[PDB]
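Okay, here's what each chain looks like letter by letter:
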Amino acid sequence: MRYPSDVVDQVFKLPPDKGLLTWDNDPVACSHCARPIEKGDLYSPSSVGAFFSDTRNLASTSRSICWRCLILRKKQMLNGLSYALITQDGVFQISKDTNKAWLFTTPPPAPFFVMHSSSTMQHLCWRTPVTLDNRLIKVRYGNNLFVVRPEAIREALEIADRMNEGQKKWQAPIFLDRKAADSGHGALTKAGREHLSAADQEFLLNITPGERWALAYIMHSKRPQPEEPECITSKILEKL
DNA sequence: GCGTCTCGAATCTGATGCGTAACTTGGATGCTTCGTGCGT
Ligand SMILES: [Zn+2]
């Protein structure tokens, strides 16, 4: 895939809705997924309504929405893709911690989109940049766009295991929060501050926010075993 | 019209108890769409 809207016609294969206008002016980017809207394509003027609180993430002021985004803005699409991973084969659910560990330790090779919501249901279909290479995974968490490097996650897990190797009571070296909301998120704990070497402390302080978020779901006393997430595109298509 | 001597001294100089108790020891929110109907 190339664009967030490309997930529709490639893994959902949903035909465009009826009654959509046809573009007849100089091409302009979509207001959601930044896809160009060329002459002869199907679009619709923006009618997001007063309850749309994602104006800051709009690609442009074209006020035009391509049919793929019009599909992606349906309630069944927003709810189904709350904790989704959209790859070529299908849409997978990464809600469970084991799924997150598998994704951030053994990512799929193909381009994919990573979905995650910080509340009941949020606009995430059209805000996630594509992950071209598995070594640089871009994850959209609520209003935060994260960059996760699997090698950094593996190195941090190795550091935590080596620091907790001797002590019988397991204790995390770095303070992390699943919601990425705590005031101490990403800061070293007392055990990390006074039981780790200078190189390990410098590495743990110099990780990206996305890596902290991922370790908040992976790094624990009993590391979850990675497992393949289930196929979810069937459920979303049936509910639509 | 003073007048001067003497113009202190020893010793005690604190003891004893009490010298905390019970209860609170958080709570709530931070999402949009969709259908149906008002409605100004
Ligand atoms: Zn679009």
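What counts, and where the lines are drawn
Residues numbered from 1 in each chain as written, not as in the entry; some residues may be left out. Chains lettered and ligands numbered in written order. Part of a larger assembly, values for the part shown. Heavy atoms only, no water. Helix = DSSP H or I, 4+ residues; strand = E, 2+ residues; numbered from the N terminus. Buried < 20%, exposed > 50% of the residue type's maximum accessible area, 1.4 Å probe, protein only. Contact = heavy atoms within 4.5 Å. UniProt positions renumbered as here; feature names shortened; annotations may be inferred. Donors = N, O, S within 2.8 Å, 3.2 Å for Na, K, Ca; no water. Tetrahedral: all angles 85-135°; square planar, octahedral: opposite > 155°, others 65-115°. Pairing = 2+ DSSP bridges.

Looking at the PDB entry, one finds chain A named CRISPR type AFERR-associated protein Csf1, with Pseudomonas oleovorans as its source organism. For this structure, the PDB header gives the title as "DNA bound type IV-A1 CRISPR effector complex with the DinG helicase from P. oleovorans".

(A) Expanded view of the overall build of chain A. Counting its regular elements, chain A contains nine helices and 10 strands. Based on the C-alpha atoms only, the size of chain A along its principal axes is roughly 70 × 35 × 30 Å. Scored against the burial criterion, the 240 residues of chain A give a buried share of 49%. Partitioning the intrachain contacts of chain A with sequence separation of at least 6 by distance along the chain shows that 64% fall at a separation of at least 24.

(B) Representation of the UniProt feature "binding site: Zn(2+)" (unreviewed entry) in chain A within the structure. The feature "binding site: Zn(2+)" (unreviewed entry), as annotated in UniProt, sits at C30, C33, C66 and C69 in this numbering. Across 40 residues, the annotated set stays spatially compact, with a maximum C-alpha separation of 8.6 Å. Tracing the chain through its elements places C66 in strand β5 (residues 64-66). In this fold, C69 is placed in helix α2 (residues 67-72). If near-sequence neighbours (up to four positions away) are discounted, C69 is found in contact with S5, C30, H32, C33 and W126.

(C) Expanded view of the coordination of the zinc ion. All of the protein donors around the zinc ion are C30 (SG), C33 (SG), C66 (SG) and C69 (SG); their distances to the metal are 2.3 Å. If you look at the zinc ion, its four donor atoms make angles of 102 to 114° with each other, and the shape they trace is tetrahedral. The sequence motif formed by the donor residues of the zinc ion is C-x2-C-x32-C-x2-C. Of this pair, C33 sits in the loop between β2 (28-29) and β3 (36-37) while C66 sits in strand β5, and the two are 33 residues apart along the sequence. Judged by relative accessible area, which is 4%, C33 ranks as buried.

(D) Quick look at the pairing of strand β8 (residues 113-116). The two faces of β8 match: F113 and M115 on one face and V114 and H116 on the other face are all buried. Here strand β6 (residues 84-86) pairs with β8 via two bridges, running antiparallel. Its bridge partner being in β8, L85 is matched across the sheet by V114. With three bridges connecting them, β8 and strand β9 (residues 137-141) associate as parallel partners. Residue pairing for β9: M115 is matched across the bridge by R140.

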